[PDB]
Amino acid sequence: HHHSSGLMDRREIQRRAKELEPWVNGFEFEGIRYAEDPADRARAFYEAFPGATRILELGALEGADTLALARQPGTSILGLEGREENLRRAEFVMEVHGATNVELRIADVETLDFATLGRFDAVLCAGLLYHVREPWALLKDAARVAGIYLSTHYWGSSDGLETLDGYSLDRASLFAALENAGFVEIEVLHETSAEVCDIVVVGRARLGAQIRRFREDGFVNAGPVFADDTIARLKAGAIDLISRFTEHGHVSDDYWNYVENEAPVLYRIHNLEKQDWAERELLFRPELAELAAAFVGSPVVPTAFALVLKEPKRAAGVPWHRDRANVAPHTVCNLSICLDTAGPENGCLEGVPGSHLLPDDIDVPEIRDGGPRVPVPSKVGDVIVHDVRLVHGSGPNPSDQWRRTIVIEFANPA
Ligand code: NI
């Protein structure tokens, strides 16, 4: 009757499950109760954060929620646990279900330097905020690593919960802790009583909302990234390149130019990383690939470099188009380091929101004239991120100002 298998054998699953006793929530697997709704909350979690490929769970006892979040493909999970018993139980659960895309670490979140972990797309704080003696600092530490699925409790109001370090948690001190942490975009999904109450909120800080709009609209002004110096060096090198055709007498296949009397107008420097640059190293700065990584996916590689130029007065517009249409949405993005201030009357970016989520075969003039054609204002230093499927264009620059921009294409190696 024996000497056979199981549909790891269920006998061995029973042995190692009984070996790690006691279990706090038990352990079931394929129907059988071995020891005495995470998938639902996980689907809600990905409904709140759709493009998450680098999630970080906090307080992953037994890995119940961890396994749930690891179901979605292309996902990498780091789960931190305080007690090593629960850690070995969770490691066991991952071993059984075959979740090879999960790392479980033993770490106390109360005395942990959160900068060591890195940057994460989303953070799951499921039922532990009411275990720390100062939860606001926990939320702040969460903000340093762009979105949180918080599921916690709160206390009515009437009874005075003193006033400790600026916070009374009640509801006011909760939303004030999330606000002071950095999460400016808060959405309550589920929630009251005179004493113990429950609440489940979603939080997006700066860069997080930028991800939301980049996914919905297809383009975002993600502000600056560099800490002084290198941007002005990029501008100086760029003007150093424009002076080759203008001030000197340069000519090559990468100086794209186009009637009578007036000199040919230069509008694009193709293959910018390959040209004679003293500052092309700045094209490989980690902040750029890190930003494009935060918007697209974690492993990003720069695929194309270019320098688009709007000369003063003479510069004409660029027709509306999609850069590439043979890729899935939210897969390849363009970053645009704006070396000059750009306004609607200066030849700045214009996009049709949501056009990146349209089919492959389209008629560009219909999408263009249909609209809306919304402009993307930018200051010198801002970085514009947009999807390659986005239908985008601009008008001409008839004013005295230049309008120079560095465009770099970041894509997933797949
Ligand atoms: Ni384009």
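Points worth noting:
- The chain shape via C-alpha gyration tensor axes, a/c threshold 1.5: prolate
- Tensor-based shape of region 276-359 (alpha-carbon gyration tensor, a/c under 1.5 rounded, otherwise prolate or oblate): oblate
- Sparsely packed GluC sites (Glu not before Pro) within region 66-142, loop by DSSP, other Cβ within 10 Å at most 16: 110
- Modelled FRET efficiency - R0 56 Å, residue 256 with residue 1, Cβ distances, 0.05 increments: 0.10
- Cα→Cβ-extended label distance, 7 Å offset, between residue 399 and residue 116, nm: 5.1 nm
- Using the Cβ-Cβ distance between residue 25 and residue 159 with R0 set to 25 Å, the FRET efficiency from 1/(1 + (r/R0)^6) comes to roughly 0.20.
- Counting every other Cβ atom within 10 Å of each residue's Cβ, 399, 173 order from fewest to most as 399, 173.
- Eligible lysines near residue 274 by straight Cα distance, threshold 21 Å, same-chain separation 8 or greater: 235
- Here's how it looks for residue 104: its modeled amide H is under 5 Å from those of 79, which are all 5 or more places away or on a different chain.
- Of all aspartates and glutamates in the structure, those lying under 18 Å Cα to Cα from residue 313, and not within fewer than 8 positions of it along the same chain, are 247, 260, 262, 340, 345, 400.
- The fewest-to-most ranking of 338, 197, 125, 333 by surrounding Cβ atoms within 10 Å reads 197, 125, 338, 333.
- Sorted by Cβ neighbour density within 10 Å, fewest at the top, the residues 279, 36: 36, 279
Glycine gets a Cβ as well: all are built from the backbone with ideal geometry, and neighbour counts include every protein chain shown. Where a number appears in this text, it was derived from the coordinates with a stated rule and is not lab data.
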